[PDB]
Amino acid sequence: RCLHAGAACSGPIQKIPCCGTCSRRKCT
């Protein structure tokens, strides 16, 4: 369970770890 590259994150209460770095409303 994790958001791939290009998934909106780092925004309002978002608990969902991306398989990536969270940046600019994107999981990188």
# chains A, B, ... in the order shown; residues from 1 in each chain; ligands from 1
>>> residues_around(residues="residue 8 in chain A", least_positions_apart="2", cutoff="7 Å", atoms="only C-alpha atoms", output="list in words")
residues 6, 25, 26 and 27 of chain A
>>> residues_around(residues="range 18-20 of chain A", least_positions_apart="2", cutoff="9 Å", atoms="only C-alpha atoms", output="list in words")
residues 1, 2, 3, 4, 5, 7, 9, 16, 22, 27 and 28 of chain A
>>> write_last_selection(atoms="N, CA, C and O atoms", output="mmCIF file, in the first residue's frame")
data_model
loop_
_atom_site.group_PDB
_atom_site.id
_atom_site.type_symbol
_atom_site.label_atom_id
_atom_site.label_comp_id
_atom_site.auth_asym_id
_atom_site.auth_seq_id
_atom_site.Cartn_x
_atom_site.Cartn_y
_atom_site.Cartn_z
ATOM 1 N N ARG A 1 0.841 -1.215 0.000
ATOM 2 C CA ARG A 1 0.000 0.000 0.000
ATOM 3 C C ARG A 1 0.861 1.245 0.000
ATOM 4 O O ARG A 1 1.511 1.563 0.994
ATOM 5 N N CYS A 2 0.848 1.946 -1.117
ATOM 6 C CA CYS A 2 1.611 3.173 -1.263
ATOM 7 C C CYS A 2 1.320 3.819 -2.611
ATOM 8 O O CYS A 2 1.026 3.136 -3.593
ATOM 9 N N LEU A 3 1.399 5.138 -2.638
ATOM 10 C CA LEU A 3 1.121 5.914 -3.832
ATOM 11 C C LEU A 3 2.330 5.916 -4.757
ATOM 12 O O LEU A 3 3.454 6.141 -4.313
ATOM 13 N N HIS A 4 2.096 5.661 -6.035
ATOM 14 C CA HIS A 4 3.180 5.631 -7.014
ATOM 15 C C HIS A 4 3.551 7.047 -7.451
ATOM 16 O O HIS A 4 2.974 8.023 -6.971
ATOM 17 N N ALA A 5 4.496 7.144 -8.373
ATOM 18 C CA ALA A 5 4.954 8.428 -8.873
ATOM 19 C C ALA A 5 3.837 9.167 -9.598
ATOM 20 O O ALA A 5 3.185 8.627 -10.495
ATOM 21 N N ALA A 7 1.327 10.826 -7.810
ATOM 22 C CA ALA A 7 0.108 10.796 -7.004
ATOM 23 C C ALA A 7 0.050 12.011 -6.090
ATOM 24 O O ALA A 7 1.019 12.315 -5.424
ATOM 25 N N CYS A 9 -0.024 14.297 -3.168
ATOM 26 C CA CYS A 9 0.213 14.176 -1.733
ATOM 27 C C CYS A 9 0.854 15.457 -1.188
ATOM 28 O O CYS A 9 1.063 16.413 -1.935
ATOM 29 N N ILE A 16 -1.315 8.489 3.744
ATOM 30 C CA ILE A 16 -1.138 7.444 2.734
ATOM 31 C C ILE A 16 0.304 7.520 2.283
ATOM 32 O O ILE A 16 0.643 8.377 1.472
ATOM 33 N N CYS A 22 7.323 12.688 -0.989
ATOM 34 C CA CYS A 22 6.169 13.551 -1.161
ATOM 35 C C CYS A 22 6.611 14.984 -1.454
ATOM 36 O O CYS A 22 7.375 15.574 -0.685
ATOM 37 N N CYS A 27 3.538 12.379 -5.278
ATOM 38 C CA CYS A 27 4.427 11.366 -4.784
ATOM 39 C C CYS A 27 5.458 11.126 -5.859
ATOM 40 O O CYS A 27 5.096 10.790 -6.988
ATOM 41 N N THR A 28 6.716 11.332 -5.526
ATOM 42 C CA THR A 28 7.776 11.320 -6.518
ATOM 43 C C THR A 28 8.599 10.045 -6.410
ATOM 44 O O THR A 28 9.297 9.873 -5.385
#
>>> select_by_dssp(residues="chain A", states="strand (DSSP E)", output="ChimeraX atom specification")
/A:22-23,26-27
>>> write_last_selection(atoms="N, CA and C atoms", output="compact mmCIF listing (two decimals), in the first residue's frame")
# COMPACT_ATOMS: atom_id res chain seq x y z
N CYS A 22 7.32 12.69 -0.99
CA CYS A 22 6.17 13.55 -1.16
C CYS A 22 6.61 14.98 -1.45
N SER A 23 6.15 15.53 -2.57
CA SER A 23 6.53 16.88 -2.98
C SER A 23 5.52 17.45 -3.97
N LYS A 26 2.57 15.76 -5.22
CA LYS A 26 2.94 14.59 -5.98
C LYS A 26 3.79 13.65 -5.14
N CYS A 27 3.54 12.38 -5.28
CA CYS A 27 4.43 11.37 -4.78
C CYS A 27 5.46 11.13 -5.86
